[PDB]
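Colleague: I'd like to ask you about the structure that follows.
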Amino acid sequence: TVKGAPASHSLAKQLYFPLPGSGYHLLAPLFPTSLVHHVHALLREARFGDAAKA
RNA sequence: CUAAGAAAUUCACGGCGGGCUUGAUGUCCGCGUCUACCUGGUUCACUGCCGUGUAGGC
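When we follow the UniProt record's numbering, the leftmost residue of the first sequence carries the number 164, and every step to the right adds one.
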């Protein structure tokens, strides 16, 4: 549980978003660790075989 | 101010081997097609006393 310093080392994406009146924000996106991969793998190998043979 | 902004894939190859498709068959019967028309508004034609001489003759 430690961070360091906020940065975005020159190759991470960061994209202007138009504010309503005027102005922008830089909005650096970060890759999430949402695991739909577990829900994808368990619905393709675990009991996809049993439902598929039925 | 665009998940922004950048990017040489690069190369080669033996698909080969062989072969019985066979036989048989009933298309089979009919039939009312009628009726009336102007090719005519066109053949710039053989000559010749003729002038071949762009008008000139029956």
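Don't be surprised by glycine CBs; every beta carbon is placed ideally from N, CA and C.
Could you give the distance in angstroms between the alpha-carbon of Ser171 and the alpha-carbon of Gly186?
Modeller: The alpha-carbon atoms of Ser171 and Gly186 are separated by roughly 21 Å.
Colleague: Out of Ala191, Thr164, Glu208, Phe180, which has the shortest C-alpha to C-alpha gap to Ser173?
Modeller: Taking only the C-alpha atoms, the option nearest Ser173 is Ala191.
Colleague: Leaving out five residues before and five after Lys176 in sequence, what residues of the same chain have Cβ atoms less than 8 Å from its Cβ?
Modeller: Correct list, in chain order: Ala191, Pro192.
Colleague: Since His188 and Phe194 are thought to touch, with beta carbons under 8 Å apart, how far apart are those beta carbons, to the nearest angstrom?
Modeller: Not quite, the Cβ-Cβ distance comes to about 19 Å (not below 8 Å), so this is no contact.
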